[PDB]
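Undergrad: Take this structure first; my questions come after.
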Amino acid sequence: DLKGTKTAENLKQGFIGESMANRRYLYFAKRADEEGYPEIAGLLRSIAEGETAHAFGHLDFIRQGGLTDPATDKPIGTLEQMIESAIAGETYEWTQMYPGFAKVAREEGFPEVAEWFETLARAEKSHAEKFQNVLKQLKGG
Amino acid sequence: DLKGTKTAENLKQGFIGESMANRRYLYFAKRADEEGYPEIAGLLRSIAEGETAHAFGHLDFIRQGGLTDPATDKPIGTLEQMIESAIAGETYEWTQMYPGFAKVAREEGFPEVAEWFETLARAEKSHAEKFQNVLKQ
Ligand SMILES: [Fe+3]
Ligand SMILES: [Fe+3]
Ligand SMILES: [Zn+2]
Ligand SMILES: [Zn+2]
């Protein structure tokens with residue numbers, strides 16, 4: 001059983017890092033695209049595919065071990081549970097996280113960032129609603 | 001400049017969350033694919049694109065606000081700096097992180113997971129080497 005072990009925690013941290021790596025490399029690739037470095041952009045994109053394989057591998061061990069979603073601490077064994085995890089995360093983001101981030105940004109004098117956080121808050125609310133509709137489809141039959 | 005502000009930290013946390021969301025939704029989509037729910041799989045994939053836009057937006061503000069890479073705490077203003085950040089992260093992973101994870105996995109009685117971490121350790125080393133070769137240019 002992996003529950004409660006350090007390995008369980010390391011699988012979680014491993015997933016976080018790999019997720020960030022893929023986003024970072026694809027972001028970097030756009031800069032290489034812009035400047036005319038197709039070889040470098042291509043490498044970034046290919047290595048990014050590697051980080052995807054790594055992240056999914058971590059999730060397989062987590063799922064197969066009965067561990068929870070690194071992002072929501074919710075089970076992800078079944079498709080229904082996966083959707084429920086998506087809903088939980090999106091709900092936290094639009095009801096508390098992004099609104100809180102936006103408030104702090106305004107308070108610190110960064111209205112541009114605040115507006116970005118507010119845009120995202122509304123976006124995650126829409127995502128949550130979309131996922132809830134999917135859950136009703138699955139559980140409804 | 002955003003240095004030293006709470007907003008700086010929030011941008012970092014937002015980036016991490018959005019990064020995880022994209023990986024999670026694409027992973028979930030594979031299950032929907034397998035079970036025969038193309039519309040649900042498609043929606044997950046489309047929402048995942050939304051999370052990509054969010055993550056990149058966070059990085060834009062981080063880069064423009066004079067902040068560092070959420071994963072390595074290194075500057076990412078120029079392409080050169082971006083590659084250097086990739087190298088730093090990969091180096092941390094193959095020299096310390098994954099080997100350490102593997103040792104602990106073996107000690108706790110998880111040889112299969114340990115082998116996985118060892119596979120990744122070798123992979124990250126290879127990644128670091130490829131990036132370093134690109135650093136000249
Ligand atoms: Fe990796
Ligand atoms: Fe998002
Ligand atoms: Zn979302
Ligand atoms: Zn790598």
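Identifiers in the structure tokens: chain A, B, ... in order shown; residue index from 1 per chain; ligand index from 1 in order shown.
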Would you list the residues that come within 8 Å of ligand 4? Count only C-alpha atoms and all ligand atoms and give the answer as a PyMOL selection string.

TA: (chain A and resi 18+21+47-48+50-51) or (chain B and resi 90+123-128)

Undergrad: Near range 91-96 of chain A, within 12 Å and counting only C-alpha atoms, which residues show up once chain neighbours fewer than 3 positions away are dropped, as JSON, numbers by chain?

TA: {"A": [71, 72, 84, 85, 86, 87, 88, 99, 100, 101, 102, 103, 117, 118, 119, 120, 121, 122, 123, 124, 125, 126, 127, 128, 129, 130, 131, 132], "B": [13, 14, 17, 18, 21]}

Undergrad: Can I get the selection written as a compact mmCIF listing (two decimals), in the first residue's frame, with N, CA and C atoms?

TA:
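What landed in again08.txt:
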# COMPACT_ATOMS: atom_id res chain seq x y z
N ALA A 71 -3.76 17.55 -7.50
CA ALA A 71 -4.33 18.89 -7.45
C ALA A 71 -5.54 19.10 -6.55
N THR A 72 -6.30 18.05 -6.28
CA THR A 72 -7.52 18.20 -5.48
C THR A 72 -7.69 17.25 -4.30
N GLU A 84 -15.37 14.46 -11.22
CA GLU A 84 -15.65 15.05 -9.92
C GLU A 84 -14.43 15.79 -9.40
N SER A 85 -13.24 15.29 -9.74
CA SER A 85 -12.02 15.96 -9.33
C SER A 85 -11.91 17.27 -10.09
N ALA A 86 -12.21 17.24 -11.39
CA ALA A 86 -12.16 18.45 -12.20
C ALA A 86 -13.09 19.50 -11.62
N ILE A 87 -14.31 19.08 -11.27
CA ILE A 87 -15.29 20.01 -10.72
C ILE A 87 -14.81 20.61 -9.40
N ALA A 88 -14.26 19.78 -8.53
CA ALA A 88 -13.76 20.25 -7.24
C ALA A 88 -12.69 21.33 -7.43
N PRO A 99 -10.51 34.77 -7.16
CA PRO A 99 -11.07 36.03 -6.64
C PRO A 99 -10.11 36.59 -5.58
N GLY A 100 -9.54 35.70 -4.78
CA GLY A 100 -8.61 36.12 -3.74
C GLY A 100 -7.36 36.72 -4.35
N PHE A 101 -6.85 36.08 -5.40
CA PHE A 101 -5.66 36.57 -6.10
C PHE A 101 -5.94 37.95 -6.70
N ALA A 102 -7.12 38.11 -7.30
CA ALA A 102 -7.49 39.38 -7.91
C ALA A 102 -7.57 40.48 -6.86
N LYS A 103 -8.16 40.17 -5.71
CA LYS A 103 -8.29 41.15 -4.64
C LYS A 103 -6.91 41.60 -4.16
N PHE A 117 -6.67 37.96 -13.37
CA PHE A 117 -7.17 37.01 -12.38
C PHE A 117 -8.70 36.96 -12.40
N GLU A 118 -9.33 38.11 -12.63
CA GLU A 118 -10.79 38.17 -12.68
C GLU A 118 -11.31 37.45 -13.93
N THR A 119 -10.61 37.60 -15.04
CA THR A 119 -10.99 36.94 -16.29
C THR A 119 -10.92 35.43 -16.06
N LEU A 120 -9.84 34.98 -15.44
CA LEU A 120 -9.68 33.56 -15.16
C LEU A 120 -10.73 33.04 -14.18
N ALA A 121 -11.11 33.86 -13.21
CA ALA A 121 -12.12 33.43 -12.25
C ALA A 121 -13.40 33.10 -13.01
N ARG A 122 -13.79 33.97 -13.93
CA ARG A 122 -15.00 33.75 -14.72
C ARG A 122 -14.83 32.52 -15.62
N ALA A 123 -13.63 32.34 -16.16
CA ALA A 123 -13.36 31.20 -17.04
C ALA A 123 -13.49 29.88 -16.29
N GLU A 124 -12.94 29.81 -15.08
CA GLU A 124 -13.00 28.57 -14.32
C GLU A 124 -14.44 28.28 -13.89
N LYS A 125 -15.23 29.33 -13.68
CA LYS A 125 -16.63 29.11 -13.32
C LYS A 125 -17.30 28.41 -14.51
N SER A 126 -17.00 28.88 -15.72
CA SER A 126 -17.59 28.28 -16.92
C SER A 126 -17.11 26.83 -17.03
N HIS A 127 -15.82 26.60 -16.78
CA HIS A 127 -15.28 25.24 -16.83
C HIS A 127 -16.03 24.34 -15.85
N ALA A 128 -16.19 24.82 -14.61
CA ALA A 128 -16.88 24.03 -13.59
C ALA A 128 -18.30 23.68 -14.05
N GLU A 129 -18.99 24.63 -14.67
CA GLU A 129 -20.35 24.38 -15.14
C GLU A 129 -20.36 23.35 -16.26
N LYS A 130 -19.35 23.40 -17.12
CA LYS A 130 -19.26 22.44 -18.22
C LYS A 130 -19.03 21.04 -17.66
N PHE A 131 -18.14 20.93 -16.68
CA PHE A 131 -17.82 19.65 -16.07
C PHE A 131 -19.01 19.09 -15.29
N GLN A 132 -19.79 19.97 -14.68
CA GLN A 132 -20.95 19.52 -13.91
C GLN A 132 -22.00 18.94 -14.86
N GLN B 13 1.84 30.30 -8.03
CA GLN B 13 0.90 29.27 -7.65
C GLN B 13 -0.15 29.05 -8.73
N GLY B 14 -0.56 30.13 -9.38
CA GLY B 14 -1.53 30.01 -10.44
C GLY B 14 -0.95 29.21 -11.58
N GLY B 17 -0.92 25.44 -10.71
CA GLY B 17 -2.26 24.89 -10.80
C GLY B 17 -2.73 24.69 -12.23
N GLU B 18 -2.51 25.69 -13.07
CA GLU B 18 -2.92 25.60 -14.47
C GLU B 18 -2.12 24.52 -15.19
N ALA B 21 -3.60 21.25 -14.24
CA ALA B 21 -4.93 21.10 -14.84
C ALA B 21 -4.85 20.59 -16.27

Undergrad: Could you pull the residues within 12 Å of residue 92 in chain B, counting only C-alpha atoms, minus those fewer than 2 positions along the same chain, as a list in words?

TA: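 Final neighbour list, sorted by chain and number: residues 17 of chain A; 71, 72, 85, 86, 87, 88, 89, 90, 94, 95, 96, 97, 98, 99, 100, 121, 124, 125, 127 and 128 of chain B.
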
Undergrad: Using only C-alpha atoms, I'd like every residue of chain B that has an atom within 6 Å of chain A; please write them out as a PyMOL selection string.

TA: chain B and resi 7+19-20+105

Undergrad: Can you tell me which residues surround residue 69 in chain B at a distance of at most 10 Å, considering only C-alpha atoms, apart from same-chain residues fewer than 5 positions away, and format the answer as a list in words?

TA: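 Within the cut-off, the hits are residues 24 of chain A; 12, 59, 62, 63, 74, 75, 76, 77, 81, 82, 85, 86 and 89 of chain B.
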
Undergrad: Could you work out how far CA of residue 57 in chain B lies from CA of residue 41 in chain B, giving the answer in Å with one decimal?

TA: 24.5 Å

Undergrad: Which of chain B end up as alpha helix (DSSP H) when DSSP is run on this backbone - answer as a PyMOL selection string?

TA: chain B and resi 6-35+38-64+79-92+98-108+111-134

Undergrad: Nearest residue to ligand 1 out of B:39, B:136, B:113, B:93, using only C-alpha atoms and all ligand atoms?

TA: B:93

Undergrad: Just checking: using only C-alpha atoms and all ligand atoms, which residue out of A:68, A:115, A:49, A:63 ends up closest to ligand 1?

TA: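 Selected residue with least distance to ligand 1: A:49.
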
Undergrad: At what distance in Å, to one decimal, does CA of residue 130 in chain B lie from CA of residue 23 in chain B?

TA: 23.7 Å

Undergrad: Which residue, B:67, B:47, B:79, B:53, has the smallest gap to residue 29 in chain B when you use only C-alpha atoms?

TA: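 Among B:67, B:47, B:79, B:53, it is B:47 that comes nearest to residue 29 in chain B.
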
Undergrad: Got a sec: who's within 9 Å of residue 102 in chain B, counting only C-alpha atoms, leaving out chain neighbours fewer than 6 positions off, as a PyMOL selection string?

TA: (chain A and resi 7) or (chain B and resi 110-111+113-118+121)

Undergrad: Include N, CA, C and O atoms and write out the residues we just selected as a PDB file, in the first residue's frame.

TA:
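The resulting selection14.pdb:
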ATOM      1  N   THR A   7       6.926   7.804  -0.672  1.00  0.00           N
ATOM      2  CA  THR A   7       6.879   7.565  -2.107  1.00  0.00           C
ATOM      3  C   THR A   7       5.594   8.147  -2.681  1.00  0.00           C
ATOM      4  O   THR A   7       5.593   8.688  -3.784  1.00  0.00           O
TER       5      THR A   7
ATOM      6  N   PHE B 110       8.858  -0.450  -2.707  1.00  0.00           N
ATOM      7  CA  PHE B 110       8.175  -0.176  -3.969  1.00  0.00           C
ATOM      8  C   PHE B 110       9.184  -0.222  -5.108  1.00  0.00           C
ATOM      9  O   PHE B 110       9.485   0.798  -5.727  1.00  0.00           O
ATOM     10  N   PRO B 111       9.716  -1.417  -5.403  1.00  0.00           N
ATOM     11  CA  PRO B 111      10.699  -1.598  -6.469  1.00  0.00           C
ATOM     12  C   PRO B 111      10.217  -1.217  -7.866  1.00  0.00           C
ATOM     13  O   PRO B 111      11.011  -0.769  -8.689  1.00  0.00           O
ATOM     14  N   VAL B 113       8.044   1.198  -8.611  1.00  0.00           N
ATOM     15  CA  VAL B 113       8.061   2.656  -8.645  1.00  0.00           C
ATOM     16  C   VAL B 113       9.505   3.149  -8.664  1.00  0.00           C
ATOM     17  O   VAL B 113       9.826   4.146  -9.309  1.00  0.00           O
ATOM     18  N   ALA B 114      10.379   2.439  -7.957  1.00  0.00           N
ATOM     19  CA  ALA B 114      11.789   2.806  -7.908  1.00  0.00           C
ATOM     20  C   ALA B 114      12.405   2.726  -9.300  1.00  0.00           C
ATOM     21  O   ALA B 114      13.190   3.587  -9.688  1.00  0.00           O
ATOM     22  N   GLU B 115      12.050   1.680 -10.039  1.00  0.00           N
ATOM     23  CA  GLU B 115      12.557   1.485 -11.389  1.00  0.00           C
ATOM     24  C   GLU B 115      12.072   2.609 -12.298  1.00  0.00           C
ATOM     25  O   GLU B 115      12.789   3.048 -13.198  1.00  0.00           O
ATOM     26  N   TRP B 116      10.848   3.063 -12.052  1.00  0.00           N
ATOM     27  CA  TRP B 116      10.252   4.149 -12.820  1.00  0.00           C
ATOM     28  C   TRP B 116      11.046   5.432 -12.573  1.00  0.00           C
ATOM     29  O   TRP B 116      11.415   6.131 -13.513  1.00  0.00           O
ATOM     30  N   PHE B 117      11.323   5.729 -11.308  1.00  0.00           N
ATOM     31  CA  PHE B 117      12.081   6.925 -10.960  1.00  0.00           C
ATOM     32  C   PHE B 117      13.491   6.864 -11.540  1.00  0.00           C
ATOM     33  O   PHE B 117      14.056   7.887 -11.917  1.00  0.00           O
ATOM     34  N   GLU B 118      14.060   5.665 -11.613  1.00  0.00           N
ATOM     35  CA  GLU B 118      15.403   5.515 -12.156  1.00  0.00           C
ATOM     36  C   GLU B 118      15.393   5.727 -13.663  1.00  0.00           C
ATOM     37  O   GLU B 118      16.350   6.244 -14.233  1.00  0.00           O
ATOM     38  N   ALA B 121      15.230   9.395 -14.095  1.00  0.00           N
ATOM     39  CA  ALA B 121      16.500  10.021 -13.758  1.00  0.00           C
ATOM     40  C   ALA B 121      17.404  10.007 -14.991  1.00  0.00           C
ATOM     41  O   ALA B 121      18.033  11.012 -15.325  1.00  0.00           O
TER      42      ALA B 121
END

Undergrad: Kindly indicate which residue among B:58, B:24, B:122, B:3 lies nearest to ligand 3, using only C-alpha atoms and all ligand atoms for the distances.

TA: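 When distances to ligand 3 are compared using only C-alpha atoms and all ligand atoms, the smallest one comes from B:24.
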
Undergrad: Excluding residue 44 in chain B and any residue of its chain fewer than 5 positions from it, enumerate the residues within 8 Å of it, using only C-alpha atoms, and give them as JSON, numbers by chain.

TA: {"B": [25, 26, 28, 29]}

Undergrad: For CA of residue 30 in chain B and CA of residue 77 in chain A, determine how far apart the two atoms are, in Å to one decimal place.

TA: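 Here the two named atoms are 12.9 Å from each other.
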